[PDB]
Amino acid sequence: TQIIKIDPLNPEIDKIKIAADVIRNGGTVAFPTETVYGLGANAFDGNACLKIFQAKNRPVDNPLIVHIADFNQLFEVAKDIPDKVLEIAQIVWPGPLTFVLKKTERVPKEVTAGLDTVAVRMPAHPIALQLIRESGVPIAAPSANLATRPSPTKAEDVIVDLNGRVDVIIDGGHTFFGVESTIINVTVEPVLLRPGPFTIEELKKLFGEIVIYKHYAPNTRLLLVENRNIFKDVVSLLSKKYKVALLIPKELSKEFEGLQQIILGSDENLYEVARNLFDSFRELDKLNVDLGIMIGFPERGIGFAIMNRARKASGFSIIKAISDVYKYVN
C-alpha cells in the first residue's frame, strides 16, 4: 500500500492525482472526510467496489455510500429526485448528510446490495472533494475500518487496519466530527436512518414531518450509564469487583483519580467527545481491563449521534437505575 501524506485543508493537487489515477484504474483508496475515513473505489465499477468488501471483510449485503463532488454527478447515480430534496441538497452539501434516493441503472449491485435505492453524500472535506473531482467518477465508500473494529478517525487507525489490504491510504490527519454522516431516507414520505453531525434540530426545520444482531466494537464489555446521578455509585459498585476503565469527560477526572480513565473531551464541547469517541473504544481494547464504563451525554446536537453510537457499542448495556447493573455483570 502507498501511504500518501496530504494536507487536509490545502491538499497538494499533484498528490491527490496519484490517488485519483488509482481510483480510475479500478483500485482502492482510503481517504479522510469530515465524518470518518472512507475506503473508496470507482462507484461505476462493481469489480473495483468488491475490493472494498474484500479489504474490510464486509458482508456483501451491507451497501456503500456514493460520494459525489458536484450536482452533475448526483444525476448520474440517482433519479426521480423530488424538487424539495434537490433544493435542500443544494444548501446542505458539501456536508455530513446522506440521502437515500432511487438509483439509476449505472449503479452496480455491489454498491447498493441489490436494493432499488442508493445512499449519496457530498463530503465537506477538501481531500475527499478533490479526490472525487480528479477521479472524474463518484466514489463508493463505507467507513475504512476492518469489520470488527471502530470506524477510523485518524490515519494511524486506517494504517493498522488496512495496510497491505488496499492500494492507497491518504494520511490526511484527524477527521473533523469523528462520527458517521446523518442518513435520511427521502424515497418514502422521510425517515432518519442514522443520526450524525447534521443534527435532528436542523433536519426537523428542513423536513418537518421527519420520522425518528451485529456486534459493535469494542470487544471488551462496555456499560453505558445514562443517568449521571448514579455514575459515582455504579463505579464504586463495580471497581470493587472488576478492573475497570472509565470513559468520561475531563470535568469528572478528579472524582475518579486512581482508576483507569479514557478522557473523551470536555462536557462543554460535545464535538470534542464525538471526535474522540471511536478511538476511545480502540483504546479500551488495548488496555487490559474487565470492562469499560462510559457516562452519558446530553442528547442535543451531535450528542444524539454520540449516544446512538455509544448504545450500539455497549450492546445496549444501558444503566438508568443502579439496579440495572444486575443485568450485565456479576
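All residue numbers are counted from 1 along the displayed sequence.
In the deposited sequence, the stretch from residue 156 to residue 157 has no residues without coordinates, so the chain runs on without a break. In this entry, residue 212 and residue 213 are separated by 10 or more residues of the deposited sequence that lack coordinates. Annotation for 70-78 versus 119-127: the higher mean temperature factor (C-alpha) is found in 70-78. The stretch 228-236 shows the higher mean C-alpha B-factor when 162-170 is compared against 228-236 in the entry. As recorded in the entry, 301 carries the highest CA temperature factor of 63, 301, 38, 296. Reading the B-factor column for the CA atoms of 194, 250, 102, 84 in the entry, the top value corresponds to 250. Placement of the Cα temperature factor of residue 285 within the chain: middle third of the modelled residues, per the deposited record. Among all modelled residues in this chain, the alpha-carbon of residue 6 has a temperature factor (C-alpha) in the middle third.
When the modelled residues of the chain are ordered by C-alpha B-factor, residue 306 sits in the lowest third.
In the PDB entry, residue 136 places in the middle third of its chain by CA B-factor. In this PDB entry, the Cα temperature factor of residue 177 sits in the bottom third of its chain's modelled residues, the lowest group.
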